[PDB]
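For reference, the chain that follows is the form deposited in one PDB entry, supplied as structure tokens.
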């Protein structure tokens, strides 16, 4: 199947069960990274990986391993919400809900009112991925620092008093709290 499921923070013995269950229940291909076809992200431990972040940005189901075990038991893929990792990632059900209620193609609007952002090439997570996250959550990415109001990540160049210099953590915390964070605590 074209539709993908992504595992994250998943010990290899649980990974083994997932591969077997997917082989038996069908409906998914397992992919290493969250992409346009991913609808379900399965987390083994409650950790904010890049795949969790991308899964949230795309409004995926972010689920516990237990969904796989109960689905095997009951013979088919079952309702996801009882397994959704809402306590660890409050943004997950919010984006997932927005996404399924979306009339057309889903895109988040978290950053829709934010100025364009220049992302440091030295940023962590990697710049291409951090840019993907900004875009998926409704923000605009600038290709150069010139004229950009927000600069994200390590920046040792010339600084302007009318630009905000914010850590990558500002983007990530905004995404996981489903609210744009106050810049104060992310400066430099």
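Positions refer to the first chain, counted from 1.
Beyond the structure shown, there is the form solved in complex with a partner chain, which is absent from this document and is the topic of what follows.
Of the candidate stretches 40-48, 23-31, 58-66, 137-145, only 40-48 has residues whose heavy atoms lie within 4.5 Å of its partner chain in the deposited complex. Listed residues 166, 180, 172, 18 were compared with its partner chain in the deposited complex; 172 is the one with a heavy atom within 4.5 Å.
Within this chain, residue 126 lines the site of its partner chain in the deposited complex, having a heavy atom no more than 4.5 Å away.
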